[PDB]
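Chemist: 3D model of this:
(one chain, ligands or ions: 7)
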Amino acid sequence: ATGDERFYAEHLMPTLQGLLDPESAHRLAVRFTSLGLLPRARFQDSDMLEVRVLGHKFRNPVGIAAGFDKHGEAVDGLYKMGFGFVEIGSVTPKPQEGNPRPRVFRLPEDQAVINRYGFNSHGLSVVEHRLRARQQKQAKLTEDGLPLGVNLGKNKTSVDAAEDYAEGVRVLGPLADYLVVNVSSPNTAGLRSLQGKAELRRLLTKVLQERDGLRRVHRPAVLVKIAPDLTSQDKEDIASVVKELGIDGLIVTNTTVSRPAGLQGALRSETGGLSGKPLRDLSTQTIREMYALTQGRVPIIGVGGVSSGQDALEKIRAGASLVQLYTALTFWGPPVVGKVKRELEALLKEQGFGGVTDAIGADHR
Ligand SMILES: Cc1cc2nc3c(=O)[nH]c(=O)nc-3n(C[C@H](O)[C@H](O)[C@H](O)COP(=O)(O)O)c2cc1C
Ligand SMILES: O=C1c2ccccc2C(=O)c2c1nnn2-c1cc(F)c(-c2ccccc2F)c(F)c1
Ligand SMILES: CCCCCCCCCCCC[N+](C)(C)[O-]
Ligand SMILES: O=C(O)c1cc(=O)[nH]c(=O)[nH]1
Ligand code: NA
Ligand code: NA
Ligand code: NA
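Modeler: Numbers count the residues shown, from 1 in each chain. Ligands and ions are numbered 1, 2, ... in the order given. This is the structure:
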């Protein structure tokens, strides 16, 4: 356990980073993971990490965020890594290549990444068939407390965003425990303006109509993923629409187009979304705000800069029922998953919580 953690963090990951540009490193990571070539997680999930939310049981509250497995190629390997749930995507209706390279950048001095992938996607049809090939295996995983989420995007040339998301609901909704309407990528022109009130109500109404039209056992929860860069007005409007329409949850947050003071990485002024540690507290505060605006009645998946049990528990106490991580894998590798879970369990005990559930939103009380 603690042996693998130090080796990866101090030797293997720094060496890989020295050899491989970040996009190549990412592709290698997906390949190894899909093949199960992993220091298989020794951490056994205890009962106090279990969470019931979004109509499902989650064996532990630590998931892999969207964007690592964009095309649904490494799902089983990710459960093997110890994640309590997996989110794939973003997936666009038609295949598209995304932005020209280079489009991913490491900021090691900041434990951050900047990316401008631009929704590179194999498309709905390819991902549909990939998930169908393991659909019953996933049904059993979900029943055993390991749910699957699918994050939906829209094509660059799309004339009608709502129809792109609707198509995603129809094609991948039946294969997902939850769907994510990603209106917060900073790398698709016009996308984030879908977060405005009039736009958003129309868009989410259509999405929910399509979802409701699926057969009961194929009917996923629907969540909205938002940016950390919203005005107070934007956040109020999103909270209002979410409650009005009965949206099932929020994912808080995507990457930031802001550049917090103090970044040291040479590549800090590259265009794209910033992730990792400089995002952490901006994300946590957005969780805190959205939880209060929704009166704690709308489940939140908290994400941004998590690499320790403390980071996870801060988001949980701020209002998150579940958390996700991605960028920490860059710097710590696969052992970071067991690390976060072990540290989270220890902190829950230290602070007198019976389990994760007791800690959700605790700062507000
Ligand atoms: C390289 C990269 C690609 C990403 N791609 C997506 C994506 O396709 N869809 C999405 O909703 N979020 C995407 N994200 C955002 C992550 O899901 C997450 O919200 C964000 O990175 C903050 O978490 P982290 O600090 O633990 O990385 C991506 C992030 C990174 C770093
Ligand atoms: O810079 C990035 C970066 C940027 C933007 C998205 C993603 C990545 C990224 O995955 C990455 C980066 N640098 N190293 N990795 C990296 C390399 C690996 F080999 C693994 C791995 C996986 C399974 C078993 C053993 C391992 F070692 C891993 F988890 C992460
Ligand atoms: C309030 C705005 C702050 C912007 C971002 C804050 C980053 C905090 C630094 C802790 C990260 C740890 N490390 C190794 C990456 O330096
Ligand atoms: O594909 C990308 O560029 C991307 C999508 C998203 O939602 N977030 C992010 O940081 N990048
Ligand atoms: Na399934
Ligand atoms: Na379902
Ligand atoms: Na405002």
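Chemist: and the gap between the residue in the stretch 51-200 of the chain that ligand 5 sits nearest to and residue 174?
Modeler: Closest approach between the stretch 51-200 of the chain and ligand 5, counting by C-beta to the ion: residue 138, at 3.7 Å. (C-beta placed from N, C-alpha, C; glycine too.) Remark: distance between residue 138 and residue 174 (C-beta to C-beta, to the nearest Å) = 12 Å.
Chemist: Which one of those two is surrounded by more residues?
Modeler: Neighbour count, other C-beta atoms under 10 Å: between residue 138 and residue 174, residue 138 has more, with 21 against 17.
Chemist: Verify the contact between the residue of the stretch 51-200 of the chain closest to ligand 5 and residue 144 for me.
Modeler: No - look at residue 138 against residue 144 with C-beta atoms under 8 Å: they stay out of range, at 10.4 Å.
Chemist: got the residues of the stretch 151-300 of the chain near ligand 7?
Modeler: Residues of the stretch 151-300 of the chain lying near ligand 7 by C-beta under 5 Å from the ion: 231-233.
Chemist: Out of these, which is nearest to residue 276?
Modeler: Nearest to residue 276 out of these is residue 231 (C-beta to C-beta; 23.6 Å).
Chemist: neighbours of the closest one, just the number please.
Modeler: Neighbours of residue 231 (other C-beta under 10 Å): 9.
Chemist: Run through the residues that contact it.
Modeler: Residues near residue 231 by C-beta atoms under 8 Å, 6 or more residues apart in numbering: none.
Chemist: now residue 74
Modeler: Contact analysis of residue 74 by C-beta under 8 Å, 6+ apart lists 30, 33-34, 68.
Chemist: Quick check: which element contains the residue of the stretch 51-200 of the chain closest to ligand 5?
Modeler: Assigned by DSSP states H and E, residue 138 belongs to helix 135-143.
Chemist: One more: residue 128?
Modeler: helix 124-132.
Chemist: Quick one: work out the angle between that helix and helix 135-143.
Modeler: Orientation of helix 124-132 against helix 135-143 (axes from the mean of the first three to the mean of the last three C-alpha atoms, to 10 degrees) gives an angle of 70 degrees.
Chemist: Is ligand 5 within reach of helix 124-132?
Modeler: No - with C-beta under 5 Å from the ion as the criterion, ligand 5 is not reached by helix 124-132; the gap is at least 7.4 Å.
Chemist: distance of residue 54 from residue 295?
Modeler: Residue 54 sits 18 Å away from residue 295, going by C-beta to C-beta.
Chemist: Compare neighbour counts for those two and give me the winner.
Modeler: Shown here are residue 54 and residue 295; by other C-beta under 10 Å, residue 54 has more neighbours (22 against 10).
Chemist: Next, give phi and psi for the residue lying closest to the more buried one once chain neighbours are set aside.
Modeler: Residue nearest to residue 54 in three dimensions, not counting chain neighbours: residue 221, with 4.4 Å by C-beta to C-beta, 6 or more residues apart in numbering. Dihedral angles of residue 221 (phi, psi; degrees, to the nearest 10) stand at phi -70, psi 150.
Chemist: Quick check: the gap between the nearest residue to residue 125 once chain neighbours are set aside and residue 126.
Modeler: Of all residues not flanking residue 125 in the chain, residue 171 sits nearest, at 7.5 Å (C-beta to C-beta, 6+ apart). Using C-beta to C-beta, residue 171 is found at 11 Å from residue 126.
Chemist: Those two: which is more packed in?
Modeler: Set residue 171 next to residue 126 and count neighbours by other C-beta under 10 Å: residue 171 wins out with 19 against 15.
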